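# Examining the three-dimensional arrangement
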There are 4 protein chains.
Amino acid sequence: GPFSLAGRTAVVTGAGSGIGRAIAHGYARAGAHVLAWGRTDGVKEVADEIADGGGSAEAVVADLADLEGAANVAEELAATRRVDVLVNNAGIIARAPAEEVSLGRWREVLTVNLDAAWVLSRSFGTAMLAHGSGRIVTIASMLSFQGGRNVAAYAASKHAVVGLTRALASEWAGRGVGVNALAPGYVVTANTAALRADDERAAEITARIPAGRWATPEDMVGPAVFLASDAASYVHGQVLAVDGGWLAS
Amino acid sequence: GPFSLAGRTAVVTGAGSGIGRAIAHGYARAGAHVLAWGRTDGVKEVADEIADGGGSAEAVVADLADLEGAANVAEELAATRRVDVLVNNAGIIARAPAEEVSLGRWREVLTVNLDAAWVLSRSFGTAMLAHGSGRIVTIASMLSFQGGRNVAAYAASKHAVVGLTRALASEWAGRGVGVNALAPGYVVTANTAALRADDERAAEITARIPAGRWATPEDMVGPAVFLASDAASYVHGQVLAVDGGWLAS
Amino acid sequence: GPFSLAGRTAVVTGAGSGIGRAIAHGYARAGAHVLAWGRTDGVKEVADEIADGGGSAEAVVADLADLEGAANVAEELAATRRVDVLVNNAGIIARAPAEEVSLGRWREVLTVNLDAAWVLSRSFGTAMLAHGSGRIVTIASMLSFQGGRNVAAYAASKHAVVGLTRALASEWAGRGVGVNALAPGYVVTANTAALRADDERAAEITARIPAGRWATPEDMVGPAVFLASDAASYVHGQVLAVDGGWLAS
Amino acid sequence: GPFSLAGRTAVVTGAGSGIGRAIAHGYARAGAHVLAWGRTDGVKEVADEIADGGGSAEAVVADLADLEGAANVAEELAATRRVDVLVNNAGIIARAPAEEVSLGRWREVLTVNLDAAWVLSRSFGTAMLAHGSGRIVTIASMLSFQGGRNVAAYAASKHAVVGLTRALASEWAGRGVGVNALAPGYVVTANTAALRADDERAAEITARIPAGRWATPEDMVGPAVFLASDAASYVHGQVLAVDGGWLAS
Ligand SMILES: NC(=O)c1ccc[n+]([C@@H]2O[C@H](COP(=O)([O-])OP(=O)(O)OC[C@H]3O[C@@H](n4cnc5c(N)ncnc54)[C@H](OP(=O)(O)O)[C@@H]3O)[C@@H](O)[C@H]2O)c1
Ligand SMILES: NC(=O)c1ccc[n+]([C@@H]2O[C@H](COP(=O)([O-])OP(=O)(O)OC[C@H]3O[C@@H](n4cnc5c(N)ncnc54)[C@H](OP(=O)(O)O)[C@@H]3O)[C@@H](O)[C@H]2O)c1
Ligand SMILES: NC(=O)c1ccc[n+]([C@@H]2O[C@H](COP(=O)([O-])OP(=O)(O)OC[C@H]3O[C@@H](n4cnc5c(N)ncnc54)[C@H](OP(=O)(O)O)[C@@H]3O)[C@@H](O)[C@H]2O)c1
Ligand SMILES: NC(=O)c1ccc[n+]([C@@H]2O[C@H](COP(=O)([O-])OP(=O)(O)OC[C@H]3O[C@@H](n4cnc5c(N)ncnc54)[C@H](OP(=O)(O)O)[C@@H]3O)[C@@H](O)[C@H]2O)c1
């Protein structure tokens with residue numbers, strides 16, 4: 001089908017839990033061979049889950065905070081395999097008023113959210129250019145469009161990956177590489193645990209989401225498959241928000 | 001299926017040619033019963049094509065420039081059927097320097113591009129609210145985001161339908177009606193024949209499109225099906241550009 | 001100075017009260033001769049206020065709901081005077097759930113908010129093109145970017161004037177006519193009386209505005225003068241939001 | 001005066017040439033005491049120009065590529081003065097296809113364009129919060145909104161500073177610190193010399209600019225003064241494009 005990922009090989013970062021894990025499973029169900037990339041061996045679980053369900057997968061363990069090491073691993077893979085799809089999902093958020101953010105903490109967020117996404121995009125994207133086709137989907141955020149509260153480095157980094165998306169689409173679309181972003185709204189995962197623990201804040205958020213409910217990681221799967229599939233072949237340099245109407249509120 | 005329209009009934013306006021015709025066909029292939037709505041009997045041919053192609057379709061003939069008439073037809077269809085999906089595709093464009101635009105010509109563009117989309121959205125949308133479920137997809141444009149040249153009324157109308165998309169999503173998402181837009185880039189259709197008449201203007205446009213080619217109507221089908229399907233159930237109030245990277249250039 | 005409007009003649013619509021009245025006064029203080037355009041004779045008051053303060057002004061009474069009449073008046077003026085600046089401020093908002101909006105009420109909002117702005121822009125803009133310079137500033141809205149609640153026609157119309165702004169800037173910037181928009185956030189005026197009367201809604205809004213306070217009409221003056229002045233001579237087709245940070249929240 | 005900077009102290013980075021130099025001068029003319037911050041002693045010349053031009057200015061020499069050093073300098077200046085305005089203008093650009101971009105070159109761009117703006121904003125901003133008042137204006141770019149060509153790191157960095165602008169505005173507006181950005185279009189400066197080296201590339205750009213001309217650094221001054229003045233006191237979290245209509249084309 002036009003929505004099929006049969007015959008593709010997809011790398012999905014931060015595949016150990018949350019949105020990444022759901023996308024890894026979803027891609028496998030869609031027919032892709034999945035490289036689940038994670039920071040710890042716990043991603044081997046996911047690879048096993050996929051296998052035990054009839055799917056095709058394997059684990060990659062490499063800490064994206066280590067850019068040099070990440071680049072080595074990605075280049076190895078890009079050369080060793082025909083990777084058709086990259087999903088830049090790994091990300092971290094640090095909540096603290098701007099005045100209190102140390103340079104170290106600012107850089108830590110930017111390293112994983114932006115720099116690593118760049119390193120992987122460059123590595124796998126360069127091989128995609130050589131094969132005449134590929135897709136790269138980066139997980140963005142509501143904070144790719146808005147400032148939020150107490151997450152300045154996060155907001156900067158999430159705006160940044162949208163710039164990276166547009167730049168790479170501009171340069172690479174004509175050579176068969178489709179680069180886009182998927183911006184989740186408010187999703188029930190570990191990254192929002194502290195947020196949801198604040199009853200008042202969580203109620204404020206919920207009241208504002210037009211759909212009236214937070215997302216599950218599964219809500220991100222349909223759109224992630226779409227963006228990696230033939231069905232999105234003329235879609236380039238876009239950010240598709242999956243946010244229950246948040247950006248319209 | 002996550003991307004299936006099996007069991008749905010869809011109304012597609014401007015279904016007689018170009019983008020609407022392609023969407024009508026694609027929706028039928030995805031399992032929808034299609035009500036092909038057009039201004040002339042030409043749309044009966046489309047329903048017939050879909051028919052002996054193995055699909056399910058009927059034709060609706062009604063001039064969207066007649067809003068009172070359009071409302072009557074939409075309301076009756078909404079009351080005698082269960083219409084799950086509406087695609088607002090009918091649109092016209094008038095090219096002329098803004099200084100030369102008569103009020104009548106301004107009005108003619110807004111009536112079809114904006115007012116008619118409103119009347120149909122209100123009519124089918126009201127019934128969707130009662131059924132607890134539905135999707136509305138409006139065909140926007142690059143000129144929903146930029147000014148272009150010699151198309152002031154068109155740009156105004158295409159920004160306006162994005163505003164409408166956002167307003168209805170904000171109001172209706174929480175009641176199960178998913179309202180979104182699809183913004184085509186430059187597409188080979190009767191609507192751009194006058195534009196492409198000038199080979200130099202055409203090539204100038206192509207040079208600017210990152211993908212290096214104009215779209216065909218078929219390029220709009222995958223995204224149109226996605227936005228009407230279960231895979232997009234948390235997508236609300238969004239404008240998905242299908243534009244070969246234009247907006248990123 | 002670069003921020004001076006000395007020697008200019010400015011038309012300001014909806015100048016009888018609120019944002020328009022404050023802009024009329026502000027422009028006069030900046031040195032412009034002001035044509036205060038209103039729906040009723042109450043705008044003669046404003047013209048008198050300006051005069052009694054040492055400024056230069058006069059009243060224009062013409063109901064913008066009457067497009068034909070508006071066009072006659074604007075064309076008369078455009079030919080009779082050297083109008084350097086037009087501020088399209090007149091506007092109406094009608095709050096009601098979308099399902100309940102009649103076609104008549106939809107059209108009423110679009111007529112004043114969009115059609116009239118177009119008629120005046122075309123009339124005065126055409127004369128500006130002939131004189132080799134001019135500015136047009138249209139009052140937009142937060143609902144030029146977002147859907148809001150219970151104001152679908154308003155949102156459509158306010159998105160639309162942003163399209164009109166971009167289109168006219170695209171066509172006319174090179175011939176000396178600077179066309180831009182000013183998008184107010186939440187302002188204490190008659191148009192928000194019903195909103196502010198709802199204690200809970202008003203508190204919701206206030207909590208969301210980062211600056212922590214609603215705007216006064218006076219908050220719009222500095223930006224309106226800026227956009228009409230030599231200081232903004234390379235600013236074209238932009239929407240400057242004056243919103244206390246609303247769009248960043 | 002609504003547009004006066006009389007009695008203010010302003011720090012302008014990259015003040016040695018181009019846009020920064022022009023802003024330094026314009027701020028001085030508007031009555032500000034200017035701290036012209038540059039990487040080399042060249043900026044002492046600027047302070048001297050301002051001086052015998054009748055203005056008030058000092059020079060600060062500090063390489064923004066050295067973030068630990070930049071932080072020390074900014075913190076000391078913030079503690080020993082009352083700095084009312086910060087203009088983050090220092091920026092660099094590196095042109096090269098993304099496939100050819102080394103991690104070091106990527107980092108060099110982000111360090112100056114993003115990280116340094118962060119360090120200074122945090123340093124001066126913290127003191128502004130304590131004084132209950134301040135303005136921060138960051139120089140963004142067209143590539144804060146589009147991908148451009150052969151400038152992936154630059155586009156990422158310029159989107160990022162918009163994210164930062166929005167985050168700080170969201171957090172700080174309610175405490176009297178107005179944080180905004182100014183996005184120049186194509187400007188005749190050393191930063192675009194390599195671009196303009198090719199007369200055909202230059203003319204191609206000009207053809208696309210609605211205003212029909214590239215900007216000069218002086219085109220940025222009026223908007224820069226506006227954003228730092230009382231006239232913009234309700235403007236928060238905004239990016240004002242000064243681009244001859246580029247973004248509308
Ligand atoms: N949840 C939301 O509402 C929301 C909204 C907007 C955007 N997003 C984005 O969506 C993405 C998915 O995250 P999530 O929501 O699903 O939260 P999550 O599952 O709880 O955590 C995200 C994943 O990133 C991984 N990761 C972090 N640093 C890594 C590193 N240096 N190397 C390799 N992997 C690393 C985590 O693995 P480890 O735990 O082992 O470190 C984890 O698997 C993130 O980029 C996030 O920013 C989420
Ligand atoms: N082509 C592009 O590059 C582009 C870009 C952005 C958006 N769009 C939009 O895509 C949509 C489809 O246009 P198209 O490109 O596919 O060209 P098209 O082949 O001419 O499609 C437009 C259709 O609208 C129908 N229509 C016009 N007025 C009508 C009315 N009063 N009542 C009922 N139907 C009416 C036309 O039917 P009749 O032939 O009988 O009049 C025609 O079938 C439009 O909204 C258009 O604005 C196109
Ligand atoms: N207040 C906000 O928060 C906000 C936010 C976004 C945008 N805006 C826009 O800012 C603009 C200013 O309005 P406002 O806030 O200052 O409210 P307002 O002063 O209470 O009312 C606006 C003005 O529009 C005039 N007007 C309406 N219809 C007219 C017509 N057919 N012909 C001539 N004049 C007409 C009104 O005059 P009459 O009363 O005599 O009819 C009135 O003077 C509006 O376009 C509004 O949409 C306001
Ligand atoms: N020109 C355009 O079309 C355009 C468009 C959008 C944005 N911008 C932005 O406008 C700003 C100004 O650039 P410009 O156009 O005026 O060209 P410019 O004349 O080269 O200005 C850039 C300045 O940044 C300074 N700088 C670079 N690295 C520095 C460092 N590590 N520490 C301290 N200062 C440093 C440079 O000083 P040195 O000479 O000593 O290195 C230079 O004076 C930049 O942010 C730029 O990205 C320009």
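Looking at the entry header, you'll see X-ray crystallography listed as the method and 2.00 Å as the resolution.

Residues and elements named next belong to chain A. Mapped onto this structure's residue numbering, the UniProt feature "binding site: NADP(+)" (unreviewed entry) falls at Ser 17, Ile 19, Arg 39, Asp 63, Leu 64, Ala 65, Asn 89, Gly 91, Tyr 154, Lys 158, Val 187 and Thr 189. A stretch of 173 residues holds the annotated residues, and the largest C-alpha distance among them is 23.7 Å, long enough that they do not meet in one place. Tracing the sequence through the fold places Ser 17 in the loop between β1 (9-13) and α1 (18-29). You can see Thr 189 is positioned in the loop between β6 (177-184) and α6 (193-197). By relative accessible area, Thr 189 is classed as buried at 14%.

This paragraph deals with the interface of chain D and chain B. The interface of chain D with chain B comprises seven residues on the first partner and seven residues on the second. It is D:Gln146, D:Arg208 and D:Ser249 that lose the most area in chain D upon contact with chain B, and together they represent 59% of the buried surface on that side. Seen at the junction of chain D and chain B, the total is zero salt bridges. Where chain D meets chain B, there are four residue pairs in polar contact. Within the side of chain D that touches chain B, the residues separate by chemical class into two nonpolar, four polar and one charged.

Moving on to helix α1 (residues 18-29) of chain B. Residues and elements named next belong to chain B. For α1, with twelve residues, the first-to-last C-alpha span of 17 Å sits near the 16 Å given by 1.5 Å per residue. Summarising burial for α1: nine of the twelve residues are buried, a large majority. Buried within α1 are the following residues: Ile 19, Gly 20, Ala 22, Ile 23, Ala 24, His 25, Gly 26, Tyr 27 and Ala 28.

All names here are of chain A. By the secondary structure assignment, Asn 180 is in strand β6. We classify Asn 180 as buried; its relative accessible area is 2%. Polar contacts involving the side chain of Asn 180 include one to the main-chain amide nitrogen of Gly 237, which spans 2.9 Å. Among all residues touching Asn 180, those that are not within four sequence positions of it are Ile 136, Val 137, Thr 138, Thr 165, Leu 227, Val 235, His 236, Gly 237 and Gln 238.

Conventions we followed
Residues numbered from 1 in each chain as written, not as in the entry; some residues may be left out. Chains lettered and ligands numbered in written order. Heavy atoms only, no water. UniProt positions renumbered as here; feature names shortened; annotations may be inferred. Helix = DSSP H or I, 4+ residues; strand = E, 2+ residues; numbered from the N terminus. Buried < 20%, exposed > 50% of the residue type's maximum accessible area, 1.4 Å probe, protein only. Contact = heavy atoms within 4.5 Å. Buried area = accessible area lost by both parts, 1.4 Å probe. Salt bridge = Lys/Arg side-chain N within 4 Å of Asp/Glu carboxyl O. Polar contact = N/O pair within 3.5 Å; in protein donor to acceptor, adjacent residues only side chain to side chain. Nonpolar A, V, L, I, M, F, W, Y, C, P; charged D, E, K, R; others polar. Expected span 1.5 Å × (residues − 1).

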